[PDB]
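There are 2 protein chains.
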Amino acid sequence: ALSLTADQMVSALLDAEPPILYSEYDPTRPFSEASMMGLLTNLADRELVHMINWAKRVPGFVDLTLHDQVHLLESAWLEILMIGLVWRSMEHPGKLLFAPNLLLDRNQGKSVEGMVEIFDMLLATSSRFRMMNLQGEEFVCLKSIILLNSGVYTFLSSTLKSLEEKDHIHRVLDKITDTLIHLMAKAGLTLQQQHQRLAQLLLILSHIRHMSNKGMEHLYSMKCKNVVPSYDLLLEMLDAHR
Amino acid sequence: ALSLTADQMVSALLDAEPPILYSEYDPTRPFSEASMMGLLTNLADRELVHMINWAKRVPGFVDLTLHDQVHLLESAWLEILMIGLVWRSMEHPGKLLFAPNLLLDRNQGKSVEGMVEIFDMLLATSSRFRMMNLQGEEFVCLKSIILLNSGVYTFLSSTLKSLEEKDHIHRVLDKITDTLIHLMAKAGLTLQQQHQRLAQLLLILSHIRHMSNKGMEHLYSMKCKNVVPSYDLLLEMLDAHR
Ligand SMILES: CC(C)CN1[C@H](c2ccc(/C=C/C(=O)O)cc2)c2ccc(O)cc2C[C@H]1C
Ligand SMILES: CC(C)CN1[C@H](c2ccc(/C=C/C(=O)O)cc2)c2ccc(O)cc2C[C@H]1C
Numbered sequence: 307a308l309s310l311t312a313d314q315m316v317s318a319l320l321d322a323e324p325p326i327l328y329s330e331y332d333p334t335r336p337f338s339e340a341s342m343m344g345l346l347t348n349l350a351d352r353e354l355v356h357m358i359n360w361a362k363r364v365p366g367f368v369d370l371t372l373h374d375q376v377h378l379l380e381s382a383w384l385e386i387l388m389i390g391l392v393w394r395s396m397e398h399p400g401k402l403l404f405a406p407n408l409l410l411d412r413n414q415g416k417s418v419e420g421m422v423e424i425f426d427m428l429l430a431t432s433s434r435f436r437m438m439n440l441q442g443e444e445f446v447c448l449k450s451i452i453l454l455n456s457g458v459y460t461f462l463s464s465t466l467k468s469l470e471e472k473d474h475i476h477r478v479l480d481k482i483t484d485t486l487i488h489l490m491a492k493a494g495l496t497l498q499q500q501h502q503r504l505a506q507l508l509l510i511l512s513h514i515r516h517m518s519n520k521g522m523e524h525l526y527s528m529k530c531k532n533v534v535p536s537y538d539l540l541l542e543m544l545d546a547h548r
Numbered sequence: 307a308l309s310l311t312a313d314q315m316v317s318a319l320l321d322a323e324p325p326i327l328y329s330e331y332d333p334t335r336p337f338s339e340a341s342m343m344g345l346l347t348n349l350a351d352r353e354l355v356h357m358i359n360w361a362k363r364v365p366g367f368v369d370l371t372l373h374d375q376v377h378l379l380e381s382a383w384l385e386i387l388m389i390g391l392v393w394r395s396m397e398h399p400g401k402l403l404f405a406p407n408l409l410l411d412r413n414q415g416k417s418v419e420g421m422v423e424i425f426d427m428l429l430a431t432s433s434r435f436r437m438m439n440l441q442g443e444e445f446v447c448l449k450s451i452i453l454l455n456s457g458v459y460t461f462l463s464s465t466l467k468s469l470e471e472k473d474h475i476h477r478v479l480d481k482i483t484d485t486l487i488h489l490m491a492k493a494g495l496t497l498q499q500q501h502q503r504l505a506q507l508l509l510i511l512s513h514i515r516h517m518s519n520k521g522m523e524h525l526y527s528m529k530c531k532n533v534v535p536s537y538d539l540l541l542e543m544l545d546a547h548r
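Heads up: the protein sequence lines correspond to chains A and A', in order. A prime marks a further copy of an entry chain. In case it helps, the deposited numbering puts the first sequence at residues 307 to 548. In case it helps, the deposited numbering puts the second sequence at residues 307 to 548.
The following block contains the structure:
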């Protein structure tokens with residue numbers, strides 16, 4: 307992973323991309339009946355399985371301990387769903403493309419208490435992606451940065467292994483930074499523009515964290531064992547045999 | 307503000323720095339009695355007043371509308387308190403320097419339910435600042451970035467004025483990015499190191515957002531009118547006469 311060139315990093319990440327999933331509802335049946343939160347939860351459930359497979363294909367990620375892999379995914383999974391959603395929605399002003407068969411506006415979010423506020427923040431992020439003209443190659447870099455960065459400050463351990471793990475994570479993040487800069491330099495941007503755009507992109511990740519926190523508050527308020535993937539479920543999914 | 311050189315931006319920010327405040331408790335009296343949350347709340351109350359004055363001195367900030375100034379401070383105030391705390395604590399491993407007369411360890415945080423988790427995240431951030439050898443000039447740049455960036459995606463308005471306000475904010479943020487790079491180039495870092503360090507610094511701001519969200523959850527759970535500064539209080543403090 308640390309021996310990869312920028313071009314090789316980009317190719318690895320593009321190759322790792324998960325598929326765009328469809329919502330599971332009967333399109334011949336009335337929409338009034340189906341539960342929006344039910345549809346959204348089922349979609350998120352299925353997306354998480356593909357996210358596990360994607361994660362294992364991000365350079366450097368499988369170099370980490372299983373425990374640390376689980377910690378990183380536990381911290382990042384909702385941010386990763388959200389940046390994916392915002393990316394898919396970028397060319398659909400005023401709408402969130404949850405799936406190709408589930409394109410929702412802010413008014414449709416009003417059916418669930420607290421959801422319109424979340425819809426609005428996500429729509430504003432999609433708007434920002436449009437204003438910056440975010441590219442696919444940049445998007446995959448950002449998504450990988452979220453995976454590696456979101457949980458790296460909360461390991462709460464300074465065993466020798468943990469010190470080594472944190473060092474490796476920051477080395478991989480540095481490679482992704484190099485890659486973003488390389489993509490921008492290729493696009494013809496000046497050195498000033500390169501640094502400015504790097505900062506603009508990384509600063510949006512703070513807003514994505516914020517959205518995830520507001521989202522997790524909503525989910526935890528549901529007070530449900532079938533909501534939020536547990537440590538054990540994530541561990542089970544990541545702890546694969548050969 | 308947009309005509310400022312990097313050196314002039316740095317000088318303005320260093321000059322704008324608020325003072326380090328002391329905790330209000332009788333040092334001749336027993337510590338067992340005073341309320342940790344009481345002490346922390348009183349400190350935060352007084353720090354916020356100085357934060358208002360600091361904010362007005364960040365280049366570009368008073369160019370914005372009063373409403374937008376209030377929105378930005380409403381979004382950022384706890385992040386700003388937290389980055390200040392982490393900076394003050396950087397050279398005190400295992401401790402949080404709330405004030406020069408109030409240096410607390412994680413065990414002291416245990417007196418309040420939910421506080422040790424917050425103490426731990428803040429201590430880990432201070433640790434990271436140490437690992438990176440964060441400089442004072444870099445710190446003031448980051449704090450100003452938090453002020454301008456934290457609320458810029460949640461204006462939820464596309465009046466002509468709001469479009470102009472968001473454009474100006476991003477122009478000022480670009481200047482601060484230029485300034486950070488200039489500070490790093492001065493320090494002798496290579497172009498690769500410059501971009502890498504810029505990214506490392508901006509990525510910590512996502513963790514600071516996370517901490518603020520966990521903090522605001524704690525404060526809102528207190529269910530108290532004397533906790534969390536209202537829109538009106540912030541408006542009153544910012545809406546100064548001449
Ligand atoms: C309140 C927010 C968290 C709602 N989010 C849903 C979403 C809905 C339910 C879950 C529940 C998952 C679970 O219970 O395991 C997760 C996300 C969702 C679903 C798929 C997706 O691409 C993105 C998002 C982001 C927001 C809308
Ligand atoms: C649960 C966290 C939010 C606790 N934080 C306190 C803090 C305590 C009380 C308030 C309440 C303010 C209010 O009620 O207006 C704010 C921050 C604090 C105080 C001063 C300061 O430098 C930083 C911090 C950050 C964390 C420890």
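By construction, the Cβ of each residue, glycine as well, lies at the ideal position given by its N, Cα and C atoms.
Three-state secondary structure assigned by DSSP to residue i
| i | result |
| --- | --- |
| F404 (chain A') | strand |
| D484 (chain A') | helix |
| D545 (chain A') | coil |
| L495 (chain A') | coil |
| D426 (chain A') | helix |
| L462 (chain A') | coil |
| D369 (chain A) | helix |
| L448 (chain A') | helix |
| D411 (chain A) | strand |
| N359 (chain A') | helix |
| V533 (chain A) | coil |
| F435 (chain A') | helix |
| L310 (chain A) | coil |
| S512 (chain A) | helix |
| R335 (chain A) | coil |
| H474 (chain A') | helix |
Neighbour-count burial assignment, residue i, 16 or more Cβ in a 10 Å radius
| i | result |
| --- | --- |
| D321 (chain A') | exposed |
| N359 (chain A') | exposed |
| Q441 (chain A) | exposed |
| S463 (chain A') | exposed |
| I452 (chain A') | buried |
| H547 (chain A') | exposed |
| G494 (chain A') | exposed |
| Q498 (chain A) | exposed |
| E443 (chain A') | buried |
| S432 (chain A') | buried |
| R335 (chain A) | exposed |
| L469 (chain A) | exposed |
Cut-off 6 Å between Cβ atoms - residues of its own chain near residue i, not counting five sequence neighbours on either side
| i | result |
| --- | --- |
| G366 (chain A) | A307 and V478 |
| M421 (chain A) | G415 |
| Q375 (chain A') | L544 |
| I475 (chain A') | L454 and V458 |
Nearest-angstrom Cβ-Cβ length linking residue i and residue j, presumed shorter than 8 Å
| i | j | result |
| --- | --- | --- |
| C447 (chain A) | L319 (chain A) | 7 Å |
| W393 (chain A) | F445 (chain A) | 5 Å |
| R436 (chain A') | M396 (chain A') | 6 Å |
| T460 (chain A) | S341 (chain A) | 33 Å between Cβ atoms; not a contact. |
| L384 (chain A') | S518 (chain A') | 4 Å |
| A505 (chain A) | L508 (chain A') | 6 Å |
| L409 (chain A) | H398 (chain A) | 7 Å |
| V418 (chain A) | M343 (chain A) | 5 Å |
Cβ pair residue i, residue j closer than 8 Å
| i | j | result |
| --- | --- | --- |
| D484 (chain A') | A312 (chain A') | yes |
| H377 (chain A) | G457 (chain A) | yes |
| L429 (chain A') | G400 (chain A') | yes |
| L345 (chain A) | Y331 (chain A) | yes |
| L544 (chain A') | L370 (chain A') | no |
| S450 (chain A') | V364 (chain A') | yes |
| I482 (chain A) | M315 (chain A) | yes |
| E523 (chain A') | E523 (chain A) | yes |
| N407 (chain A') | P325 (chain A') | no |
| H488 (chain A) | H501 (chain A') | no |
| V533 (chain A') | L541 (chain A') | no |
| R515 (chain A) | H516 (chain A') | yes |
Sequence-distant residues of its chain with Cβ nearer than 7 Å to residue i (five each side left out)
| i | result |
| --- | --- |
| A350 (chain A') | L387 |
| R434 (chain A) | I510 |
Close Cβ partners of residue i (< 8 Å) along its chain, the five nearest in sequence each way excluded
| i | result |
| --- | --- |
| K472 (chain A) | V458 and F461 |
| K467 (chain A') | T371 |
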